[PDB]
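Asker: Contents of work_16.cif (mmCIF, C-alpha atoms) are given next:
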```cif
data_upload
#
loop_
_atom_site.label_atom_id
_atom_site.label_comp_id
_atom_site.auth_asym_id
_atom_site.auth_seq_id
_atom_site.Cartn_x
_atom_site.Cartn_y
_atom_site.Cartn_z
CA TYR L 1 -42.20 3.52 2.56
CA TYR L 2 -42.51 -0.19 1.79
CA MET L 3 -40.04 0.24 -1.07
CA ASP L 4 -37.56 1.81 1.35
CA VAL L 5 -38.00 -1.17 3.68
CA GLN L 6 -37.36 -3.75 0.96
CA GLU L 7 -34.59 -1.60 -0.52
CA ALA L 8 -32.81 -1.41 2.84
CA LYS L 9 -32.85 -5.21 3.05
CA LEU L 10 -31.63 -5.44 -0.54
CA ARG L 11 -28.79 -3.05 0.28
CA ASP L 12 -27.60 -5.42 3.01
CA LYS L 13 -28.05 -8.43 0.73
CA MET L 14 -25.92 -6.74 -1.93
CA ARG L 15 -23.43 -5.34 0.58
CA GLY L 16 -20.50 -7.70 0.10
CA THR L 17 -20.59 -11.49 0.34
CA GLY L 18 -20.62 -11.41 4.12
CA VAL L 19 -16.91 -12.19 4.32
CA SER L 20 -14.56 -9.41 5.42
CA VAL L 21 -11.20 -9.14 3.66
CA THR L 22 -8.72 -6.93 5.51
CA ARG L 23 -5.04 -6.04 5.19
CA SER L 24 -2.63 -5.54 8.09
CA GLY L 25 0.91 -4.57 7.15
CA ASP L 26 2.10 -6.91 4.41
CA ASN L 27 -0.22 -9.74 5.46
CA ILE L 28 -3.89 -10.43 4.77
CA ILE L 29 -6.61 -11.34 7.26
CA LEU L 30 -9.97 -12.84 6.29
CA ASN L 31 -12.88 -12.80 8.73
CA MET L 32 -15.70 -15.17 7.76
CA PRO L 33 -18.72 -16.42 9.75
CA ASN L 34 -19.25 -20.09 10.56
CA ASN L 35 -23.01 -19.72 11.00
CA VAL L 36 -23.44 -18.62 7.39
CA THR L 37 -20.90 -20.98 5.87
CA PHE L 38 -21.44 -24.13 7.94
CA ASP L 39 -24.62 -26.00 8.86
CA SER L 40 -26.38 -24.92 12.05
CA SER L 41 -26.59 -28.49 13.35
CA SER L 42 -23.03 -29.56 12.57
CA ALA L 43 -19.69 -28.34 11.23
CA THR L 44 -20.63 -29.33 7.68
CA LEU L 45 -19.46 -26.91 4.99
CA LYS L 46 -22.09 -25.19 2.85
CA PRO L 47 -21.56 -24.32 -0.84
CA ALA L 48 -21.25 -20.64 0.08
CA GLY L 49 -18.41 -21.54 2.42
CA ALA L 50 -16.74 -23.64 -0.26
CA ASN L 51 -16.85 -20.67 -2.64
CA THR L 52 -15.04 -18.45 -0.13
CA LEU L 53 -12.50 -21.19 0.61
CA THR L 54 -12.01 -21.51 -3.15
CA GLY L 55 -11.28 -17.79 -3.23
CA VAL L 56 -8.59 -18.38 -0.62
CA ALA L 57 -7.29 -21.26 -2.73
CA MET L 58 -7.02 -18.89 -5.70
CA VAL L 59 -4.70 -16.72 -3.61
CA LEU L 60 -2.47 -19.25 -1.85
CA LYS L 61 -2.13 -21.25 -5.07
CA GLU L 62 -0.81 -18.19 -6.91
CA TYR L 63 1.38 -17.25 -3.95
CA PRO L 64 3.70 -20.22 -3.30
CA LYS L 65 5.91 -17.95 -1.20
CA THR L 66 3.08 -17.49 1.30
CA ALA L 67 1.39 -19.69 3.89
CA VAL L 68 -2.17 -19.70 5.23
CA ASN L 69 -2.92 -20.20 8.92
CA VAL L 70 -6.57 -20.76 9.83
CA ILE L 71 -7.94 -20.49 13.37
CA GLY L 72 -11.61 -20.82 14.26
CA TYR L 73 -13.64 -20.79 17.47
CA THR L 74 -17.24 -21.24 18.60
CA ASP L 75 -18.90 -21.04 22.02
CA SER L 76 -22.66 -21.36 21.54
CA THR L 77 -22.13 -24.59 19.61
CA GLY L 78 -21.29 -26.76 22.60
CA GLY L 79 -18.83 -27.43 25.39
CA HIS L 80 -15.19 -26.48 24.97
CA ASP L 81 -13.87 -29.97 24.27
CA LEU L 82 -16.62 -30.63 21.73
CA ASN L 83 -16.07 -27.19 20.21
CA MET L 84 -12.41 -27.99 19.58
CA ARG L 85 -13.54 -31.16 17.81
CA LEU L 86 -16.01 -29.26 15.63
CA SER L 87 -13.40 -26.57 15.00
CA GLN L 88 -10.81 -29.19 14.06
CA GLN L 89 -13.36 -30.74 11.70
CA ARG L 90 -13.84 -27.27 10.23
CA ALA L 91 -10.06 -27.02 9.90
CA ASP L 92 -9.92 -30.31 7.99
CA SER L 93 -12.74 -29.11 5.73
CA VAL L 94 -10.76 -25.96 4.95
CA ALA L 95 -7.61 -27.94 4.18
CA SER L 96 -9.56 -30.43 2.07
CA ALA L 97 -11.15 -27.65 0.02
CA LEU L 98 -7.81 -25.93 -0.61
CA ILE L 99 -6.14 -29.22 -1.55
CA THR L 100 -9.02 -30.06 -3.88
CA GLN L 101 -8.47 -26.74 -5.64
CA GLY L 102 -4.89 -27.76 -6.32
CA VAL L 103 -3.23 -26.02 -3.38
CA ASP L 104 -0.12 -27.72 -1.99
CA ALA L 105 -0.93 -29.09 1.46
CA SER L 106 2.56 -28.07 2.59
CA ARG L 107 1.52 -24.42 2.65
CA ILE L 108 -1.77 -24.99 4.47
CA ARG L 109 -1.95 -24.71 8.26
CA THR L 110 -5.20 -25.21 10.16
CA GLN L 111 -6.13 -25.63 13.82
CA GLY L 112 -9.45 -26.30 15.53
CA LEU L 113 -9.79 -24.31 18.73
CA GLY L 114 -12.63 -23.78 21.19
CA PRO L 115 -13.62 -20.50 22.87
CA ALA L 116 -10.68 -18.46 24.16
CA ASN L 117 -11.29 -14.78 23.45
CA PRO L 118 -14.88 -14.30 22.19
CA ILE L 119 -15.29 -11.13 20.13
CA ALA L 120 -18.63 -10.42 21.80
CA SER L 121 -20.87 -11.67 24.60
CA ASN L 122 -22.92 -14.78 23.84
CA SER L 123 -25.67 -13.16 25.90
CA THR L 124 -26.86 -11.37 22.76
CA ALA L 125 -27.96 -12.72 19.38
CA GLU L 126 -25.59 -10.30 17.64
CA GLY L 127 -22.73 -11.39 19.88
CA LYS L 128 -23.39 -15.01 18.95
CA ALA L 129 -23.09 -14.07 15.27
CA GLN L 130 -19.79 -12.31 16.01
CA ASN L 131 -18.58 -15.26 18.08
CA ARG L 132 -19.40 -17.82 15.40
CA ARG L 133 -16.56 -16.70 13.13
CA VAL L 134 -13.10 -17.81 11.99
CA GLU L 135 -9.92 -15.93 11.12
CA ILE L 136 -7.70 -16.71 8.13
CA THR L 137 -4.15 -15.36 8.17
CA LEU L 138 -2.11 -15.10 4.97
CA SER L 139 1.56 -14.14 5.23
CA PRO L 140 4.88 -14.75 3.41
CA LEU L 141 6.45 -17.98 4.66
CA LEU L 142 8.54 -20.80 3.20
CA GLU L 143 8.34 -22.94 6.34
CA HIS L 144 6.39 -26.19 6.01
CA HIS L 145 3.14 -26.13 7.98
CA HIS L 146 2.75 -27.93 11.31
CA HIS L 147 0.23 -30.51 12.51
CA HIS L 148 -2.66 -29.87 14.90
CA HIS L 149 -5.28 -32.16 16.43
#
```
Can you turn what I pasted into structure tokens?

Answerer:
Amino acid sequence: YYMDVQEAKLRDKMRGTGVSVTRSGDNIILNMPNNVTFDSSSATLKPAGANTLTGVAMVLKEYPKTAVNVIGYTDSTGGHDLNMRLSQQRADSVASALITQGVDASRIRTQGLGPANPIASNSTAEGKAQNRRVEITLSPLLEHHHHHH
């Protein structure tokens, strides 16, 4: 049964990248975890997170008629005010990555937000994993992005 135990783990490890790509109407929503893509001690982007953000860059860059709006939140990182600061730093990291990959900044919109509507309760380890996530919205738009701090 030991092979079934290892195999089950391997199935999870080979089940996707860990980022969920979903479609809603004519727009696209990406759900990606912070805990896996940023450092545990600080909002510092990991290589795995850069790869996903590069994937987003590949899409927005090819779709000049579309804009990307990124909103993230965390609760079990720290207090609300601090969490906004970390989230905003995450937002800047996202914008920086996209711009580095040749994406026009004009089409990139990011905002760092604290906890507002947690997907799950922080009282569980699984809920924390669900709560430590960000949402990326891609939709047709010619309007220049707006500024957030």

Asker: For the atom pair CA of residue 53 (chain L) and CA of residue 21 (chain L), what is the interatomic distance in Å to one decimal place?

Answerer: 12.5 Å

Asker: Measuring atom to atom with all atoms listed in the file, identify which of L:80, L:128, L:133, L:146 is nearest to residue 115 (chain L).

Answerer: L:80

Asker: Dump as a PyMOL selection string all residues having an atom at most 9 Å from (1.2, -28.6, 2.8), computed in the file's coordinates with all atoms listed in the file.

Answerer: chain L and resi 67+95+99+103-109+144-146

Asker: Please save C-alpha atoms of the selected residues as a PDB file, in the frame of the given file.

Answerer:
```
ATOM      1  CA  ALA L  67       1.390 -19.690   3.890  1.00  0.00           C
ATOM      2  CA  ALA L  95      -7.610 -27.940   4.180  1.00  0.00           C
ATOM      3  CA  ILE L  99      -6.140 -29.220  -1.550  1.00  0.00           C
ATOM      4  CA  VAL L 103      -3.230 -26.020  -3.380  1.00  0.00           C
ATOM      5  CA  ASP L 104      -0.120 -27.720  -1.990  1.00  0.00           C
ATOM      6  CA  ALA L 105      -0.930 -29.090   1.460  1.00  0.00           C
ATOM      7  CA  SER L 106       2.560 -28.070   2.590  1.00  0.00           C
ATOM      8  CA  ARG L 107       1.520 -24.420   2.650  1.00  0.00           C
ATOM      9  CA  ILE L 108      -1.770 -24.990   4.470  1.00  0.00           C
ATOM     10  CA  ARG L 109      -1.950 -24.710   8.260  1.00  0.00           C
ATOM     11  CA  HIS L 144       6.390 -26.190   6.010  1.00  0.00           C
ATOM     12  CA  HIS L 145       3.140 -26.130   7.980  1.00  0.00           C
ATOM     13  CA  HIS L 146       2.750 -27.930  11.310  1.00  0.00           C
TER      14      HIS L 146
END
```

Asker: Would you write out, as a VMD selection string, every residue that the PyMOL selection byres ((chain L and resi 45) around 12) captures in this file?

Answerer: chain L and resid 33 to 44 46 to 53 86 to 87 89 to 97

Asker: For the residues selected in the previous step, produce a file with C-alpha atoms as a tab-separated table (two decimals), keeping the file's coordinate frame.

Answerer:
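Saved the output as out39.tsv:
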```tsv
chain	number	residue	atom	x	y	z
L	33	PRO	CA	-18.72	-16.42	9.75
L	34	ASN	CA	-19.25	-20.09	10.56
L	35	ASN	CA	-23.01	-19.72	11.00
L	36	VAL	CA	-23.44	-18.62	7.39
L	37	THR	CA	-20.90	-20.98	5.87
L	38	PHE	CA	-21.44	-24.13	7.94
L	39	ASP	CA	-24.62	-26.00	8.86
L	40	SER	CA	-26.38	-24.92	12.05
L	41	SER	CA	-26.59	-28.49	13.35
L	42	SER	CA	-23.03	-29.56	12.57
L	43	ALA	CA	-19.69	-28.34	11.23
L	44	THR	CA	-20.63	-29.33	7.68
L	46	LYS	CA	-22.09	-25.19	2.85
L	47	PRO	CA	-21.56	-24.32	-0.84
L	48	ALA	CA	-21.25	-20.64	0.08
L	49	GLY	CA	-18.41	-21.54	2.42
L	50	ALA	CA	-16.74	-23.64	-0.26
L	51	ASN	CA	-16.85	-20.67	-2.64
L	52	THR	CA	-15.04	-18.45	-0.13
L	53	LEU	CA	-12.50	-21.19	0.61
L	86	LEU	CA	-16.01	-29.26	15.63
L	87	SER	CA	-13.40	-26.57	15.00
L	89	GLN	CA	-13.36	-30.74	11.70
L	90	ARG	CA	-13.84	-27.27	10.23
L	91	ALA	CA	-10.06	-27.02	9.90
L	92	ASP	CA	-9.92	-30.31	7.99
L	93	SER	CA	-12.74	-29.11	5.73
L	94	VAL	CA	-10.76	-25.96	4.95
L	95	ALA	CA	-7.61	-27.94	4.18
L	96	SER	CA	-9.56	-30.43	2.07
L	97	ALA	CA	-11.15	-27.65	0.02
```

Asker: Between CA of residue 111 (chain L) and CA of residue 149 (chain L), what distance in Å does the model show, to one decimal?

Answerer: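 Distance between the two atoms: 7.1 Å.
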
Asker: Distance CA of residue 71 (chain L)-CA of residue 113 (chain L), one decimal place?

Answerer: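 Separation of CA of residue 71 (chain L) and CA of residue 113 (chain L): 6.8 Å.
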
Asker: Which one of L:56, L:130, L:101, L:23 sits closest to residue 76 (chain L) if you count all atoms listed in the file?

Answerer: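 Nearest to residue 76 (chain L): L:130.
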
Asker: Go through L:4, L:68, L:15, L:129 one by one, measure the shortest atom-to-atom distance of each to residue 30 (chain L) using all atoms listed in the file, and give the residue with the smallest value.

Answerer: L:68

Asker: List as a list in words the residues having at least one atom at most 9 Å from position (-20.7, -23.7, 19.8) as given in the file, counting only C-alpha atoms.

Answerer: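 Here is the list of nearby residues: residues 73, 74, 75, 76, 77, 78, 79, 80, 82, 83, 86, 114, 115, 131 and 132 of chain L.
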
Asker: Write out as a list in words the residues lying within 9 Å of residue 138 (chain L), counting all atoms listed in the file and excluding same-chain residues fewer than 5 positions away.

Answerer: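 Returned residues: residues 27, 28, 29, 30, 60, 66, 67, 68, 69 and 70 of chain L.
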
Asker: Go through L:3, L:142, L:19, L:98 one by one, measure the shortest atom-to-atom distance of each to residue 59 (chain L) using all atoms listed in the file, and give the residue with the smallest value.

Answerer: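 Counting all atoms listed in the file, the residue closest to residue 59 (chain L) is L:98.
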
Asker: With 8 Å of padding per side, what axis-aligned box (centre and edge lengths, Å, one decimal) covers all the listed atoms of region 123-136 of chain L? Give it as JSON.

Answerer:
```
{"center_x": -17.8, "center_y": -14.1, "center_z": 17.0, "size_x": 36.3, "size_y": 23.5, "size_z": 33.8}
```

Asker: Rank L:13, L:64, L:81, L:72 by their smallest atom-to-atom distance to residue 117 (chain L), using only C-alpha atoms, and report the top residue only.

Answerer: L:72

Asker: Just checking: using all atoms listed in the file, which residue out of L:58, L:10, L:5, L:32 ends up closest to residue 100 (chain L)?

Answerer: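 Checking each candidate against residue 100 (chain L), we get L:58 as the closest.
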
Asker: Can region 87-110 of chain L be brought up to N, CA and C atoms and written out as a short mmCIF file (atom, residue, chain, number, x, y, z; two decimals), in the coordinates of the input?

Answerer:
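Output below, filename out_29.cif:
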```cif
data_model
loop_
_atom_site.label_atom_id
_atom_site.label_comp_id
_atom_site.auth_asym_id
_atom_site.auth_seq_id
_atom_site.Cartn_x
_atom_site.Cartn_y
_atom_site.Cartn_z
N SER L 87 -14.31 -27.52 15.61
CA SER L 87 -13.40 -26.57 15.00
C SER L 87 -12.32 -27.28 14.20
N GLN L 88 -11.82 -28.39 14.74
CA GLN L 88 -10.81 -29.19 14.06
C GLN L 88 -11.38 -29.83 12.80
N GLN L 89 -12.65 -30.23 12.87
CA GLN L 89 -13.36 -30.74 11.70
C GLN L 89 -13.52 -29.64 10.65
N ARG L 90 -13.81 -28.43 11.11
CA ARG L 90 -13.84 -27.27 10.23
C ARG L 90 -12.48 -27.02 9.59
N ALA L 91 -11.43 -27.20 10.39
CA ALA L 91 -10.06 -27.02 9.90
C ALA L 91 -9.74 -28.01 8.79
N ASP L 92 -10.14 -29.26 8.99
CA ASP L 92 -9.92 -30.31 7.99
C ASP L 92 -10.70 -30.01 6.71
N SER L 93 -11.91 -29.47 6.87
CA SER L 93 -12.74 -29.11 5.73
C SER L 93 -12.09 -27.99 4.92
N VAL L 94 -11.48 -27.04 5.61
CA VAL L 94 -10.76 -25.96 4.95
C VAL L 94 -9.57 -26.49 4.17
N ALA L 95 -8.78 -27.35 4.81
CA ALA L 95 -7.61 -27.94 4.18
C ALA L 95 -8.01 -28.79 2.98
N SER L 96 -9.07 -29.57 3.14
CA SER L 96 -9.56 -30.43 2.07
C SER L 96 -9.97 -29.61 0.85
N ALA L 97 -10.69 -28.52 1.09
CA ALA L 97 -11.15 -27.65 0.02
C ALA L 97 -9.97 -27.05 -0.74
N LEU L 98 -9.00 -26.54 0.00
CA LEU L 98 -7.81 -25.93 -0.61
C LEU L 98 -7.04 -26.96 -1.43
N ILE L 99 -6.86 -28.15 -0.86
CA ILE L 99 -6.14 -29.22 -1.55
C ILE L 99 -6.88 -29.65 -2.81
N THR L 100 -8.20 -29.71 -2.73
CA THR L 100 -9.02 -30.06 -3.88
C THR L 100 -8.85 -29.06 -5.01
N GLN L 101 -8.62 -27.80 -4.65
CA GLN L 101 -8.47 -26.74 -5.64
C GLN L 101 -7.03 -26.65 -6.14
N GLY L 102 -6.21 -27.62 -5.73
CA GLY L 102 -4.89 -27.76 -6.32
C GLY L 102 -3.81 -27.10 -5.49
N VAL L 103 -4.18 -26.67 -4.28
CA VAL L 103 -3.23 -26.02 -3.38
C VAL L 103 -2.37 -27.05 -2.65
N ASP L 104 -1.05 -26.85 -2.70
CA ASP L 104 -0.12 -27.72 -1.99
C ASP L 104 -0.43 -27.74 -0.50
N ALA L 105 -0.60 -28.94 0.05
CA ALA L 105 -0.93 -29.09 1.46
C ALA L 105 0.18 -28.52 2.35
N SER L 106 1.39 -28.47 1.81
CA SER L 106 2.56 -28.07 2.59
C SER L 106 2.42 -26.63 3.09
N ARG L 107 1.63 -25.84 2.37
CA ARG L 107 1.52 -24.42 2.65
C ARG L 107 0.26 -24.11 3.45
N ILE L 108 -0.51 -25.15 3.75
CA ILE L 108 -1.77 -24.99 4.47
C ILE L 108 -1.61 -25.37 5.94
N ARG L 109 -1.96 -24.44 6.83
CA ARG L 109 -1.95 -24.71 8.26
C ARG L 109 -3.30 -24.39 8.89
N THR L 110 -3.91 -25.39 9.52
CA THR L 110 -5.20 -25.21 10.16
C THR L 110 -5.19 -25.77 11.58
#
```
